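A.B. asks: test case, fold it:
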Amino acid sequence: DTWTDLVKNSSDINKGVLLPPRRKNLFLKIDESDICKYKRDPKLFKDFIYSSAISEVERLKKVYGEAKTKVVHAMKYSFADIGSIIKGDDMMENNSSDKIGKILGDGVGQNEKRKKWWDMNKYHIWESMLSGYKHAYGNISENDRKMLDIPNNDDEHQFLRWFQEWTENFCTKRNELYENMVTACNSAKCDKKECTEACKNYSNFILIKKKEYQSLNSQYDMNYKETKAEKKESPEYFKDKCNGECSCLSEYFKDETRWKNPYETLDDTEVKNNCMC
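C.D. replies: Numbering: from 1, shown residues only. The protein structure is shown below:
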């Protein structure tokens with residue numbers, strides 16, 4: 001559930017990069033034992049990568065359960081991450097990316113061999129994940145398939161995807177918790193009954209994510225905004241990239257780092273006093 005800093009080179013060029021729970025939970029481990037089983041037998045390695053993609057879709061249903069949109073959206077992230085794992089771009093520490101490099105006949109810090117392997121399997125890896133989705137929900141709907149298109153995340157910088165995911169998940173939870181804060185109190189001018197419990201939860205949440213964002217935005221500004229993120233600002237870029245569910249970052253936190261007061265980010269002026277009593 002937490003956004004850990006278990007990333008590669010986090011003291012160096014990856015300072016402030018946070019690792020998504022979804023990615024931490026993406027099981028894809030190669031042991032140094034099976035380094036030869038996969039090298040001499042190219043299609044055995046394939047069946048393992050395909051089934052790792054399979055199991056990932058099976059894991060996602062266990063988490064989100066009957067939330068079709070919430071599972072499909074994560075598939076596209078996990079799919080892309082497998083690409084990063086394969087290509088060597090991945091940022092997690094014990095990702096066994098070193099072992100994959102040797103298996104695909106590249107090794108010693110190269111890219112060409114393992115880059116072409118991904119390029120040749122992207123389609124079939126995704127096709128597996130589609131069969132995994134079908135095994136999870138029964139029948140693939142005739143109008144559901146538009147969501148389940150072959151996704152374009154593979155070439156996009158990983159941190160940018162990870163940050164986008166953070167922001168989406170942040171805005172979804174922030175909105176969810178701000179909704180419970182209204183269905184707990186409408187007027188309570190002052191101590192009343194249950195309202196403050198939600199106020200503590202919303203405030204706590206904003207303050208957990210405050211630190212996380214400060215860490216993620218530290219990396220963004222240093223590297224990715226400077227070269228090519230369309231030179232847009234941190235909250236400004238996600239405002240036009242991932243639809244309207246990353247706008248809450250700009251809509252409530254752009255003008256100033258007003259994270260310092262979590263109650264100031266409330267559009268309704270009525271409920272603001274019950275939490276700030």
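
A.B. asks: what about residue 67, how many neighbours?
C.D. replies: 13 (other Cβ atoms under 10 Å). To be clear about C-beta, it is placed using only N, CA and C from the backbone, and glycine gets the same treatment.

A.B. asks: ok, it - contacts?
C.D. replies: Counting by Cβ atoms under 8 Å, 6 or more residues apart in numbering, residue 67 touches no other residue.

A.B. asks: that one and residue 170, how far apart?
C.D. replies: With the distance defined as Cβ to Cβ, to the nearest Å, residue 67 ends up 18 Å from residue 170.

A.B. asks: could you do residue 254 as well?
C.D. replies: Residue 254 is 14 Å from residue 170, by Cβ to Cβ.

A.B. asks: which one's more surrounded, those two?
C.D. replies: The neighbour comparison of residue 254 against residue 170 (other Cβ under 10 Å) goes to residue 170, with 22 against 15.

A.B. asks: helices of the stretch 1-150 of the chain, start to end?
C.D. replies: 21-24, 35-40, 42-64, 68-87, 97-103, 112-137 (DSSP state H, counting those that start in this stretch).

A.B. asks: swap in the stretch 151-277 of the chain?
C.D. replies: Under DSSP H, counting those that start in this stretch, the stretch 151-277 of the chain gives helices at 158-180, 195-219, 234-238, 248-253, 272-275.

A.B. asks: which one of those helices lies nearest to residue 112?
C.D. replies: Nearest to residue 112, of all the helices of the stretch 151-277 of the chain, is helix 158-180, at 19.4 Å by Cβ to Cβ.

A.B. asks: and the closest one, what does it pack onto?
C.D. replies: Applying 3 or more Cβ pairs under 8 Å, 6 or more residues apart in numbering; DSSP states H and E, we find helix 158-180 packed against helix 68-87, helix 195-219, helix 234-238, helix 248-253.

A.B. asks: one more pass at 10 Å, please.
C.D. replies: Helix 158-180 is packed against helix 21-24, helix 68-87, helix 195-219, helix 234-238, helix 248-253, with contacts defined by 3 or more Cβ pairs under 10 Å, 6 or more residues apart in numbering; DSSP states H and E.

A.B. asks: now the last one: how far from the chain's centre is it?
C.D. replies: Looking back up the chat, that one is helix 248-253. How far helix 248-253 lies from its chain's middle: 19 Å, per Cα atoms, centre = their mean, to the nearest Å.

A.B. asks: out of the helices and strands packed on helix 158-180, which comes closest to residue 58?
C.D. replies: It's helix 68-87; of those, that one is closest to residue 58 (Cβ to Cβ) at 10.4 Å.

A.B. asks: what helices or strands is that closest one leaning on?
C.D. replies: Counting contacts by 3+ Cβ pairs under 10 Å, 6+ apart, helix 68-87 is packed against helix 21-24, helix 42-64, helix 97-103, helix 112-137, helix 158-180.

A.B. asks: now do the first one: distance to the chain's middle.
C.D. replies: By that I understand helix 21-24. Distance of helix 21-24 from its chain centroid, counting by Cα atoms, centre = their mean, is 7 Å.
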